[PDB]
Student: 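Dropping a structure here in structure tokens format, bear with me for questions.
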There are 2 protein chains.
Amino acid sequence: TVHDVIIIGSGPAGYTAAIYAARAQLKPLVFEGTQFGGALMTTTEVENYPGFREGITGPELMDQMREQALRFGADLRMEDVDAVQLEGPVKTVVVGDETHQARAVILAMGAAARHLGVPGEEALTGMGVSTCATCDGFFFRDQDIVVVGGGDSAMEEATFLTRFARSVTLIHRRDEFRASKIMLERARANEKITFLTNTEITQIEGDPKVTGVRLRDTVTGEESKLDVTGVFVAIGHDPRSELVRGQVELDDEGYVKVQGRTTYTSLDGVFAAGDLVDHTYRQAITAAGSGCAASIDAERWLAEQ
Amino acid sequence: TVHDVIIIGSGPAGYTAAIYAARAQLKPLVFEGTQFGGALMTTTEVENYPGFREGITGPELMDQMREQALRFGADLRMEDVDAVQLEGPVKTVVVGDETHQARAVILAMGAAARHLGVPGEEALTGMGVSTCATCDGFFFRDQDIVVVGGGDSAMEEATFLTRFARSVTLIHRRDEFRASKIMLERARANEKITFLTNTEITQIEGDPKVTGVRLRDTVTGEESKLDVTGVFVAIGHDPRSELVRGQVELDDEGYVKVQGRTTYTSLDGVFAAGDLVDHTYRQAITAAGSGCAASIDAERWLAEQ
Ligand SMILES: Cc1cc2nc3c(=O)[nH]c(=O)nc-3n(C[C@H](O)[C@H](O)[C@H](O)COP(=O)(O)OP(=O)(O)OC[C@H]3O[C@@H](n4cnc5c(N)ncnc54)[C@H](O)[C@@H]3O)c2cc1C
Ligand SMILES: Cc1cc2nc3c(=O)[nH]c(=O)nc-3n(C[C@H](O)[C@H](O)[C@H](O)COP(=O)(O)OP(=O)(O)OC[C@H]3O[C@@H](n4cnc5c(N)ncnc54)[C@H](O)[C@@H]3O)c2cc1C
Ligand SMILES: NC(=O)c1ccc[n+]([C@@H]2O[C@H](COP(=O)([O-])OP(=O)(O)OC[C@H]3O[C@@H](n4cnc5c(N)ncnc54)[C@H](OP(=O)(O)O)[C@@H]3O)[C@@H](O)[C@H]2O)c1
Ligand SMILES: NC(=O)c1ccc[n+]([C@@H]2O[C@H](COP(=O)([O-])OP(=O)(O)OC[C@H]3O[C@@H](n4cnc5c(N)ncnc54)[C@H](OP(=O)(O)O)[C@@H]3O)[C@@H](O)[C@H]2O)c1
Ligand SMILES: [Mg+2]
Ligand SMILES: [Mg+2]
């Protein structure tokens, strides 16, 4: 049995691709992962996804998406794809000891936000720990917060956040920055930003919400505690392109490359959407838009066969 | 008073730009038009916009969008922009006899689907007359329908629709087609498609929903009536770029050109989103995604000033 299309991933890109493909009668087979529902499944309030005047929680929105895909006939499997063979007229995915095949594959595996890996970080996500100033910065008006990282994201997140926060402490594990000179100098000029270089977070403290961070000097080992009510982690993203490395062309940071303003990858019959591709906007609504585009691309390509 | 950003248009692109810009504290000034709310304000059920497992009407979705923009502080004006001056550090829009200025402008004026201009067409939109097989084709399962046009859209719409319809009659006002040979030959090979060349629709009949079309031979003037329950108009789209012609670079069909996979136009400080730009996908979710992108582009550009 060779399916018309297999979708790998269950964030906004994968579910929007599934909705369009199912409504187009392609009977999409979707591998959601065991950690299904994408990045919003791990946040609380989502307020910038257009269509909800009062907002909606991340899990509520993703369940709507999932049930919508189901309603039109998508075959959803809460299983991880462990390996793929994407070259040729029949593509194969391997799920544990099971194999599935399709004429077209839509890659929607997303990108992981890099984690500090310290106690308190996961428990307090959506409770004062955030990965996205555009998403949650609104909620820290007149508060003292930290931003972690030494690249352009950290500089952009920190400077953006000062329109809300009382103060921003930018914490970086060395005394040299990966950020561009422009971004670094913008943060230095900002009166609400204080730098702590050669500093790492070892623990995030929080009653039910963030109350402070434990700090450590990366040179001397000196430790101390900082009272803050928000922590923005901006230490980069890792596109989940491991499955397709060596098959689909990637950029130097591992994002899947696509042709022009389409979702076509370097491989015939293989399309890519969402934060697996986009390292610029990284929002639910942009990922959803690209998932729709991938399914329209796939349907048109399938019609050409 | 010079605003940070003015948004022109109130479809999914303009309202999503407004939500992001307002939540970013840019106090966006949005000119919605007197025919506000974009193309969905004129349809009935919207089922492929991700986030609504049971669907939502077009006006319901657009009102959510509008109230969402309002909630975060967008200044919405139900007025048409009649002229713009987009070059330079301060851009001006003229609304009747009033002028408004901004450092950045987001163009979200959309594209108009071309109309037949015949009695019954407007009254029966959402009631059997459609402009979008991807959107509404689902609803005509086992019905006899028509598609109007002689280009690639008409050929694509007609061939796509045969997975639902009992039959598709493709009506074209001449005996020569603008469609590519591939698209024309795909439609000719399709057993469910019948062509009527040198034929135009003069009236769409419909009790509350489409019941038939009145036809006229464009050579002989012979008229007759065809019993059908759906009419898909696929005679092209006109991007609403008239305001900006001669200021922003356009392609040969009048769509606003943008740089790479961004929303930057040829003019500094001017960004463009939605179906004003995209002549490929033309969905609410893709327009919303690009409106978000335009506001992130604009915010980053403004920060650089
Ligand atoms: C804490 C947090 C809060 C956020 N808040 C907002 C917000 O408020 N508004 C907004 O617009 N954006 C927000 N975002 C960003 C938004 O969630 C992402 O940009 C969006 O989800 C990207 O969607 P995507 O489909 O490309 O990838 P993802 O959301 O990453 O989804 C990918 C899914 O596919 C699964 N998958 C990956 N590989 C496989 C595989 N081999 N096999 C099977 N399944 C696989 C993954 O486990 C995951 O579930 C937030 C992100 C985070 C981390
Ligand atoms: C009948 C119909 C049914 C559809 N059904 C679906 C569906 O079910 N699912 C889906 O995904 N897509 C659907 N679509 C397509 C979808 O609606 C469009 O792709 C989407 O709305 C494009 O949004 P946009 O913001 O770029 O432009 P538009 O929707 O065209 O919005 C532009 C708005 O800006 C206003 N405007 C324009 N110029 C000015 C000006 N100078 N000054 C002030 N205001 C101005 C316009 O009047 C308009 O209100 C449908 C379209 C139609 C016509
Ligand atoms: N110009 C813009 O508008 C803009 C905005 C955002 C991103 N970008 C671009 O996107 C790309 C990636 O940018 P990025 O900032 O997200 O990632 P990045 O350039 O790779 O920098 C990541 C930062 O996080 C630090 N880091 C990584 N893991 C850490 C850990 N466990 N603990 C503490 N610190 C850690 C790194 O420190 P080390 O230096 O020690 O490794 C580094 O400073 C860049 O090319 C950037 O220019 C541009
Ligand atoms: N390959 C694809 O997947 C695909 C899909 C869609 C679109 N496209 C491309 O998009 C571009 C536009 O395509 P399009 O088909 O939307 O528009 P188009 O190429 O301009 O063709 C429009 C058709 O509608 C007819 N028409 C216009 N007004 C009419 C009226 N009032 N009454 C009756 N007929 C009318 C025209 O007839 P006349 O010939 O007499 O003018 C013409 O045949 C093209 O470049 C196309 O290749 C490609
Ligand atoms: Mg996840
Ligand atoms: Mg309209």
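Letters A, B, ... mirror the listed sequences (proteins, then strands); counts begin at 1. For the numbers below, each heavy atom of this structure counts, side chains included, while hydrogens, waters and symmetry mates do not.
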Student: Any donor-acceptor pair under 3.5 Å linking the side chain of A:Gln64 with the backbone of B:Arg53?
Tutor: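 Indeed, once roles are kept as given, a pair shorter than 3.5 Å links the two residues.
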Student: Is there side-chain contact between B:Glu67 and A:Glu54, with at least one heavy-atom pair below 4.5 Å?
Tutor: no
Student: Tell me whether A:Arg163 contacts the main-chain N or O of B:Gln25 through its side chain, where contact means a donor paired with an acceptor under 3.5 Å.
Tutor: no
Student: Would you name the heavy atoms of B:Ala303 and A:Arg186 that are closest together and state the gap between them?
Tutor: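 Scanning both residues, the minimum pair turns out to be CB-NH1, 3.7 Å.
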Student: Do B:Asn48 and A:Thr16 touch side chain to side chain, with heavy atoms closer than 4.5 Å?
Tutor: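 Heavy-atom side-chain distance check fails, nothing below 4.5 Å.
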Student: Give the minimum heavy-atom separation between B:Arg71 and A:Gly55, together with the two atoms involved.
Tutor: NH2-N, 3.8 Å
Student: Would you mind checking which part of A:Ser290 comes under 4.5 Å of any heavy atom in chain B, side chain (CB onward), backbone (N, CA, C, O), both or neither?
Tutor: neither
Student: When rounded to the nearest 0.5 angstrom, what distance separates CE in B:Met183 from CD in A:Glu304?
Tutor: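 So the gap between those two atoms works out to 8.5 Å.
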Student: Testing the basics here: between B:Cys292 and A:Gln283, what is the closest heavy-atom pair and its distance to 0.1 Å?
Tutor: SG-CG, 3.9 Å
Student: Drop me the distance from B:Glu47's CD to A:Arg23's CZ, to the nearest 0.5 angstrom.
Tutor: 4.5 Å
Student: Highest number of heavy-atom pairs under 4.5 Å with chain B: which of A:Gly260, A:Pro12, A:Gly137?
Tutor: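 Of the options given, most contacts go to A:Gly260.
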Student: Taking B:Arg261 for its side chain and A:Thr262 for its backbone only, find out whether a donor-acceptor pair lies under 3.5 Å.
Tutor: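 The answer is yes, because a donor-acceptor pair under 3.5 Å joins these two groups.
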Student: Where does A:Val46 contact chain B at under 4.5 Å (heavy atoms): side chain, backbone, both or neither?
Tutor: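 It is neither, since no heavy atom gets under 4.5 Å.
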Student: When rounded to the nearest 0.5 angstrom, what distance separates OG1 in B:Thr280 from CD1 in A:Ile296?
Tutor: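 Going from OG1 on B:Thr280 over to CD1 on A:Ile296, the span is 9.5 Å.
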Student: Determine the interplanar angle of the A:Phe72 and B:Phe138 rings, folded into 0 to 90°, and report it as parallel if under 30°, tilted if 30 to 60°, perpendicular if over 60°.
Tutor: perpendicular
Student: What part of A:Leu161 is in contact with chain B, defined as an atom under 4.5 angstrom from a non-hydrogen atom: side chain, backbone, both or neither?
Tutor: neither
Student: In terms of heavy-atom pairs under 4.5 Å, which option from B:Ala293, B:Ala22, B:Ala69 contacts chain A the most?
Tutor: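 Top option by heavy-atom pairs under 4.5 Å: B:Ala293.
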Student: What option among A:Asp297, A:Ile182, A:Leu61, A:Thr159 has the most heavy-atom pairs under 4.5 Å with chain B?
Tutor: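 Most heavy-atom pairs under 4.5 Å with chain B: A:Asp297.
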Student: As an exercise: rank A:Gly289, A:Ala288, A:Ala284 by heavy-atom pairs under 4.5 Å with chain B and give me the winner.
Tutor: A:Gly289
Student: Any donor-acceptor pair under 3.5 Å linking the side-chain atoms of B:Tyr49 with those of A:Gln68?
Tutor: no
Student: So how far is it from A:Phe160 CZ to B:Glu299 CD, rounded to the nearest 0.5 Å?
Tutor: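 Nearest 0.5 Å value for the CZ-CD distance: 5.5 Å.
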Student: Calculate, to the nearest 0.5 Å, the distance between atoms CZ and CD1 belonging to A:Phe52 and B:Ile19 respectively.
Tutor: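 Between atom CZ of A:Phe52 and atom CD1 of B:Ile19 there are 11.0 Å.
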